[PDB]
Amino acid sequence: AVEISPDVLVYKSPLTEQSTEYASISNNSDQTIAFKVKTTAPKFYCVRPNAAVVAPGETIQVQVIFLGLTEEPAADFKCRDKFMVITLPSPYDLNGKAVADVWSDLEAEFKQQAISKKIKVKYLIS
């Protein structure tokens, strides 16, 4: 019962300026989870946080900051950028380490338990 949304991040207005849309991870289970957000276009989006733990009953909001294209908005363009949210059980105390520190161990131990979600991106004039 991990919920990840939305299906599509929609950036509007001047695509020549920075803009922020939001994703969300809610842990409705009884067990702490960890998530990680992968970006196919890291030169254009800043993600924060890109990895974190979510306690039972907690919702974490993820900032997806579009850095903009001070260039050409383009007429009749289809954005192909995508984000992949991967969520895993996080049953161990991190011992002060960051989630990024332990992620590879978590994914190696709990790959079968993963709950993944591919978030698409859309540009909207105007």
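Numbering starts at 1 and runs along the sequence shown.
For the two regions 74-82 and 59-67, the entry's Cα B-factors average higher over 74-82. Checked against the record, the higher mean CA B factor of 21-29 and 109-117 lies with 109-117.
Ranked within its chain, residue 98 lands in the highest third, by CA B factor from the PDB record. Per the PDB record, residue ranking by Cα B-factor puts residue 15 in the highest third of the chain. In the deposited entry, the Cα temperature factor of residue 2 sits in the middle third of values across the chain's modelled residues.
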